[PDB]
Amino acid sequence: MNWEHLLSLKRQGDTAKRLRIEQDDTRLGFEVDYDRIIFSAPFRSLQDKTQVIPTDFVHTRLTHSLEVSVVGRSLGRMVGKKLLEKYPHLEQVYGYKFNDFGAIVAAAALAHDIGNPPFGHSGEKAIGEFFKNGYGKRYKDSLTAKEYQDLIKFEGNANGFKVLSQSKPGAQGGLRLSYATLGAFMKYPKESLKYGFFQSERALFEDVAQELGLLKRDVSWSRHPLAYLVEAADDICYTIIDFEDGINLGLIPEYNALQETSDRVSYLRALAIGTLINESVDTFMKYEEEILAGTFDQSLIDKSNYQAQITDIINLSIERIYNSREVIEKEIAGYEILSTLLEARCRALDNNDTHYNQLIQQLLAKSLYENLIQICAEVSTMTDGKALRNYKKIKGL
Amino acid sequence: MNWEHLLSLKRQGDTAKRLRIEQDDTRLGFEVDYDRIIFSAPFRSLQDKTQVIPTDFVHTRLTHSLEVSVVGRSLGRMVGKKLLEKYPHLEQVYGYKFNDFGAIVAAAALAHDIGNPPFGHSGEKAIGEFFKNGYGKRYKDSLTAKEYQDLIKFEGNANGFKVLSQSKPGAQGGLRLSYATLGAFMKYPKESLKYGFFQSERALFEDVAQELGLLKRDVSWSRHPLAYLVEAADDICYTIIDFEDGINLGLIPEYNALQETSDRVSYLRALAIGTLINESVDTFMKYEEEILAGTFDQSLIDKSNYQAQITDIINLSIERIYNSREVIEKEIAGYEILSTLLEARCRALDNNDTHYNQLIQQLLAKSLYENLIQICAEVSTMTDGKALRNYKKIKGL
Amino acid sequence: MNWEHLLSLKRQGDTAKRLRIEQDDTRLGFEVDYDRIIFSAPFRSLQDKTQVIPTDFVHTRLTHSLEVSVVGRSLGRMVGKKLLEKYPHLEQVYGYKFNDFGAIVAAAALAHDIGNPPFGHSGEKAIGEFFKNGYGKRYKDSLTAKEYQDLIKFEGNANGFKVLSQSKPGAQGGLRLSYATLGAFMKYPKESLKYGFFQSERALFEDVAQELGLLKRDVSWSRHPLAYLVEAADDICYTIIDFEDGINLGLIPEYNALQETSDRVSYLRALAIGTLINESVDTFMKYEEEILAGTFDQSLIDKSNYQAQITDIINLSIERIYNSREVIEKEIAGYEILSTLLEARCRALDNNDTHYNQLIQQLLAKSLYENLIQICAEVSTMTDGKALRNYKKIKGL
């Protein structure tokens with residue numbers, strides 16, 4: 001791959017190339033992306049969306065994404081400095097700066113959880129199951145193998161890609177984020193037939209991939225190098241910060257001057273994240289060659305020298321947090337809530353003339369496929385409050 | 001038609017004619033009807049029944065019916081005065097007085113909403129749907145076309161007719177209201193094959209129609225002239241008063257000495273209702289001839305000179321009130337509540353020997369048809385509290 | 001004043017000067033400040049703290065501070081660019097960059113609401129009143145005029161200064177933010193005898209003021225120039241964004257392609273903020289001379305050409321939002337909650353040996369003054385949930 005192309009400032013619809021050297025410092029494309037996300041309706045909605053984790057402080061999805069983005073900016077900034085020293089022409093010729101790299105990773109990391117449905121992975125599985133063995137099965141014969149697969153294996157990252165680019169009468173291209181940011185956002189650059197985009201966004205990513213110059217591999221491409229840093233920010237934060245929350249929560253049983261547990265835990269978290277950030281940067285530059293070639297077959301943290309302690313932390317979290325009664329009860333309830341909303345929307349879609357279904361449309365509100373993936377997208381992005389409430393009214397409460 | 005006969009004081013079961021001139025002033029039949037309604041169990045129950053409309057003052061169904069009856073009494077009183085001047089023999093010979101007309105319309109208007117199920121029109125549609133495509137469908141082949149139609153197109157006005165006349169071991173003829181009052185109550189004098197009576201009350205209305213001398217038109221007859229005034233009271237009140245409530249509620253965004261909004265709105269409502277009452281009276285006398293002939297094909301307000309402002313008010317109410325999220329959520333929940341209660345009652349009716357169904361009967365409690373229309377009648381007249389509670393227990397709460 | 005000194009990277013306790021040119025790009029002092037705020041316990045707590053403003057999206061204090069910081073970064077970045085063009089030596093000699101200015105204003109703006117008590121200004125007044133006419137009055141004769149004034153006129157900005165610098169056994173200097181950031185944070189550089197710091201932090205600000213070279217004016221100094229940008233970000237956001245929220249909330253009655261109100265409102269908000277940001281930058285550079293001299297006697301927005309529309313927006317917000325029943329009820333309840341917690345803490349402080357007061361200390365937990373200002377600080381920073389709950393238990397619920 002080529003860095004000059006990987007750092008594209010192209011926005012959907014552009015008819016002409018944007019040159020880094022021409023950019024207005026006060027309106028840097030990559031930095032503008034961060035600000036568009038912050039003020040966006042979907043990001044804002046994260047304020048009212050909790051993680052599956054259940055007093056002390058516990059992150060909602062908005063604060064979790066904020067902290068992940070801060071870790072992301074530091075990772076990008078650091079790699080950026082080293083990348084410009086290794087490839088000095090990027091700066092002296094093309095005008096790129098180390099903070100451009102922090103901006104790209106920060107923005108992509110900030111929006112990473114933006115399209116995930118409530119209830120974490122159980123939420124995704126509930127949606128998938130709805131179309132596999134639930135009411136949604138009825139559409140199987142009216143869809144292609146990939147359109148149907150999109151539904152059966154509904155993935156939050158693909159929905160996030162849709163949320164960030166969705167076209168609307170008064171807003172084509174959605175947030176119209178820089179292509180380098182969309183590339184950094186894509187962890188799995190492939191179709192449903194652990195994938196990064198639905199059929200509804202295939203045309204867009206092809207344009208993004210071509211523009212970035214991603215190595216071609218039923219389409220798929222090599223991962224944009226900066227996506228490795230977006231992934232690391234996630235790995236680091238979900239590992240250490242969720243551990244921090246589990247402790248403050250009590251689920252995980254618990255410098256010498258600090259008298260409060262949360263302060264001791266916070267200091268350890270900061271030190272630990274700092275160590276992993278520094279190491280992740282070195283690992284990236286160490287395998288930068290393979291990453292640019294598309295042969296690197298793992299994550300940055302996979303190569304960590306603290307893989308053992310990292311593994312022990314993830315297992316204890318799975319043990320005390322994800323296997324906790326509170327989380328399991330929430331996920332179970334989540335299946336019923338999502339399954340109910342999806343069925344009510346699909347039945348209204350099928351029989352749109354009945355008084356009841358019209359009410360449902362008034363309450364909760366193209367080809368069959370566009371209508372179905374849109375239903376999945378809207379149900380997935382509903383705030384916790386709206387979803388529970390709409391569910392309760394449908395069930396007669 | 002003939003007024004002397006249209007003003008019948010006959011009560012169900014009478015073997016002899018009641019003469020107006022013989023009436024005891026302190027026990028005037030039509031006035032007695034009003035008092036029987038007031039003290040009746042079904043009217044009283046309106047105290048605990050809300051409209052679909054969601055702080056300021058908002059009418060429950062009892063207060064709404066009370067105000068409609070006051071408007072009704074004024075309409076009847078005024079038309080009555082003019083009718084006796086046009087047909088002086090009604091008074092000088094038969095002894096009728098202008099207040100008899102106010103009494104008839106007032107009583108009929110007071111009881112007009114008495115049999116409607118909760119959730120307004122959505123409530124009616126939920127009941128209908130239950131027997132059309134829900135569990136109730138199973139009875140289709142055991143009923144006649146009209147008995148089944150009664151269920152599939154369940155109408156609250158027909159149920160009100162049943163509620164007012166239902167026979168019970170210690171109470172035959174129900175409230176035994178004057179026939180002129182029952183005629184004024186009937187907006188649609190026809191069978192299910194926008195109808196005014198179920199098959200279960202067909203025999204009664206035939207007796208009422210014959211006694212009143214209603215023009216014959218699968219039976220149907222010309223509307224009793226005073227029903228036009230009962231209808232106008234409804235039209236006027238649902239139009240202006242619901243608008244008043246929508247404003248005080250905030251759903252509808254908002255003399256010079258009045259400082260409070262509710263007082264300004266109340267004054268306007270009073271002035272507006274007064275204008276429509278006066279105009280409705282003139283319209284009735286203008287078309288009195290056609291109405292007596294049964295050729296008048298519309299409502300009194302249909303002929304209003306303020307039809308435009310009336311139309312704009314109804315549309316804004318539909319827009320800000322009926323299409324409001326609060327109303328839609330309530331109607332949606334209403335479908336589930338009514339559908340659940342009906343199914344539980346029909347399953348218990350079908351399999352009455354199981355322990356569970358016996359409990360259901362103990363909790364919620366003839367030919368198949370009488371049993372089914374009775375189930376619809378009882379579910380429809382349950383107070384809001386009883387319906388929601390019984391529903392919750394059935395659903396395990 | 002002198003920019004080279006106003007841009008100090010000094011952190012509390014430093015024994016040696018930090019030079020901009022020596023800074024590690026990946027650890028820029030001003031950028032590090034932003035990250036320390038994000039991950040801090042007091043900033044995180046904003047997640048669970050609502051504004052007094054009461055469905056659509058409505059900002060919690062965390063998201064409000066986040067958006068204010070974004071507006072702040074843009075203001076600083078833009079002024080920064082123009083400042084370096086006017087004073088080229090700052091960059092060519094001292095090594096300052098335009099993003100350093102965005103970093104300083106962004107960080108200061110991000111933390112601006114960090115120490116404010118719940119219930120906005122009513123919250124502040126409730127605390128003040130507690131020591132003026134409530135139980136807290138009893139300490140009047142044991143305190144100096146300024147220590148007591150700190151309490152009677154308790155100000156959230158002063159508490160925020162304390163929160164950001166509070167010393168603790170394992171954490172001296174609190175977040176140890178750069179002095180340029182602390183200066184930008186200070187809107188009112190003076191004592192209680194609309195002030196920016198309590199007696200408990202007087203020693204710290206004197207050090208900050210001396211280091212920055214703030215013009216001396218019972219101490220007080222001229223405002224750090226960048227504080228004008230922090231203030232503008234606040235003015236712009238509280239004006240436009242609160243208006244946006246009031247509309248989406250319904251409290252404020254409500255491009256041509258956008259079909260949803262929130263999208264139309266969001267677009268207008270973005271355009272409006274953009275206009276004010278651009279204008280505020282020009283206003284700053286226009287009066288940069290006076291600001292550097294300490295003679296500028298107003299805010300940047302005070303000089304706006306849209307002062308009228310700005311005034312109309314603020315008045316409508318005061319009218320439909322702050323005077324709304326929901327807000328007034330909350331503020332009223334807020335007085336009782338805060339007054340109760342303060343009294344329980346002061347009584348326990350006075351009579352610390354009783355079983356009850358020991359329980360109170362166990363639940364809710366120096367010179368008299370340090371203990372009292374600490375009680376005000378802790379009560380002020382309690383999340384909404386903890387405050388209400390602790391209040392309920394004290395009242396026997």
# chains A, B, ... in the order shown; residues from 1 in each chain; ligands from 1
$ interface_residues --of "chain C" --to "chain A" --cutoff "7 Å" --atoms "only C-alpha atoms" --output "ChimeraX atom specification"
/C:26,35,70,77-78,169-170,255,257-258
$ select_by_dssp --residues "range 94-174 of chain B" --states "alpha helix (DSSP H)" --output "VMD selection string"
chain B and resid 98 to 110 120 to 132 145 to 152 156 to 165
$ residues_around --residues "residue 307 in chain B" --least-positions-apart "5" --cutoff "12 Å" --atoms "only C-alpha atoms" --output "short mmCIF file (atom, residue, chain, number, x, y, z; two decimals) with C-alpha atoms, in the first residue's frame"
data_model
loop_
_atom_site.label_atom_id
_atom_site.label_comp_id
_atom_site.auth_asym_id
_atom_site.auth_seq_id
_atom_site.Cartn_x
_atom_site.Cartn_y
_atom_site.Cartn_z
CA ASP B 235 -70.12 17.10 17.10
CA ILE B 236 -70.00 20.47 18.84
CA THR B 239 -64.83 19.60 18.22
CA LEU B 276 -72.93 26.51 17.09
CA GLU B 279 -76.94 27.88 14.38
CA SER B 280 -77.67 24.15 14.80
CA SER B 299 -75.76 16.13 9.82
CA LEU B 300 -76.75 19.53 11.15
CA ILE B 301 -73.16 20.75 11.47
CA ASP B 302 -72.51 19.56 7.91
CA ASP B 312 -59.43 23.24 10.60
CA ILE B 313 -60.04 22.57 14.30
CA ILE B 314 -60.72 18.86 13.78
#
$ closest_residue --among "A:267, A:179, A:243, A:284" --to "residue 229 in chain A" --atoms "only C-alpha atoms"
A:284
